[PDB]
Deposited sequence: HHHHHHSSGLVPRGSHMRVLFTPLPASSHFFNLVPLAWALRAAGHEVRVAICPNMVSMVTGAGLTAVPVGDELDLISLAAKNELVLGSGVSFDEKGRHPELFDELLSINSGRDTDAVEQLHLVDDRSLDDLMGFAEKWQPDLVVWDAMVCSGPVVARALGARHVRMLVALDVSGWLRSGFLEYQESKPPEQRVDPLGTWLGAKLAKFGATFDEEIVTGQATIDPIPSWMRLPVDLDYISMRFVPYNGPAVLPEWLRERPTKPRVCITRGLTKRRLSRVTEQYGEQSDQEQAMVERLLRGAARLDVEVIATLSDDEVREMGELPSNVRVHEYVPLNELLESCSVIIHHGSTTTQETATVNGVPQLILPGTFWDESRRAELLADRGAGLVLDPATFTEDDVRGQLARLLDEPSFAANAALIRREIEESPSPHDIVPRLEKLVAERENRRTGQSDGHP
């Protein structure tokens, strides 16, 4: 192997999935890749065929001092990682934009670090707002709580603060260029490649449909909590079925009696499904969204700023939006009917898809990173 690469993803499937392909792209180049993950999400990682370094105490990131844990930057955890990291000596850490964990270790270690977005650059945009204001102030008042508080963890390992710890040496952007918030950083445009958990293709998913297909999903991380109202889905699902189509609703144990043209599963490999859908209806989250977008499928979204990206997608003519408060089954139907009927969306979605499939693939990104490590 040339490079030893460490990933520090947030401990939740969507945030993790969004790392998988690049992880492998790298692997396929011949670099060693490890994924650092709290020891209860271990088999998530192993599941994507990647090697998992359990680190810290268990964490039910969903159910969630307490502020520290969420971003993997608390004492208990960081130390373990740092402990391995120290021993392991990666040349590069690629880190989910919501954990501080990995850049702390990176600076402590001197290894290049790269932030990867699973959403619009709020952190960086905001952070940008700030740096500029703080700018004009009386130098003695140039406060920076985020920075200093970090410098303290940082100092724990003989490291000092840098702007870099907040936004990384680079930020890899998988949401499409046009959608990307204006904020003057070094952005690396990567084509989103879908990984949707473990994918098995059952027989029924092998034939062309015979009525136009509709997908109705909310990925895991949302819905799933629940676990310990509700109403909107049965609304969406009722409204949807009013139209002469097969609705695949991807649901957990919960209800209810359903329309005849509606079939329900706990998990179906979405990407695969979406090759055969005519319209997707989803809840604005991001891995779900691009799998849709990346598959040319027109969209019906019920909303990061899940609104904003869904608004942005609306705008460019590949989808529409309802308001989760004021929405009635009618709007569901009528909206769906538009998406399925006026072929602009079908079209507008394809142009966006063609666009997407010409941004650099993960595979295309690898050398751009080796390049970065050689500097």
{"query": "Deposited positions lacking CA coordinates", "finding": "1-14, 79-114, 279-288, 317-320, 368-370, 443-455"}
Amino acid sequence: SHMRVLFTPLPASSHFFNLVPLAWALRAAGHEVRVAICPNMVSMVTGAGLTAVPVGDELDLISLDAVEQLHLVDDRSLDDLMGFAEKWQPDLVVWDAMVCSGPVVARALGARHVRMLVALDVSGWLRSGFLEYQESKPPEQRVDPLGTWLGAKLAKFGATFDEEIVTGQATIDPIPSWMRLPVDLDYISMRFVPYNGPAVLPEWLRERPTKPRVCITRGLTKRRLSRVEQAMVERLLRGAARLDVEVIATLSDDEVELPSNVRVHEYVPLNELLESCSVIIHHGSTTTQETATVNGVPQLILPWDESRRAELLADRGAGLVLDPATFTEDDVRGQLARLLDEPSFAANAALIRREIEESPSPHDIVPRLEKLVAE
From here on, numbers count along this sequence of modelled residues.
property	result
Higher-scoring stretch by recorded Cα B factor average, 240-248 or 270-278	240-248
Mean Cα B-factor comparison, 231-239 or 288-296, giving the higher one as deposited	231-239
Peak C-alpha temperature factor (PDB record), options 191, 107, 127, 76	76
Per the PDB entry, maximal CA B factor within 180, 115, 71, 112	71
Residue 34 - which third its CA temperature factor falls in, relative to the rest of the chain	lowest
Residue 325 CA temperature factor, ranked by third within the chain	highest
Third of chain Cα B-factors occupied by residue 338	middle
Chain thirds of CA B-factor: placement of residue 204	lowest
CA B-factor ranking of residue 63, expressed as a third of its chain	highest
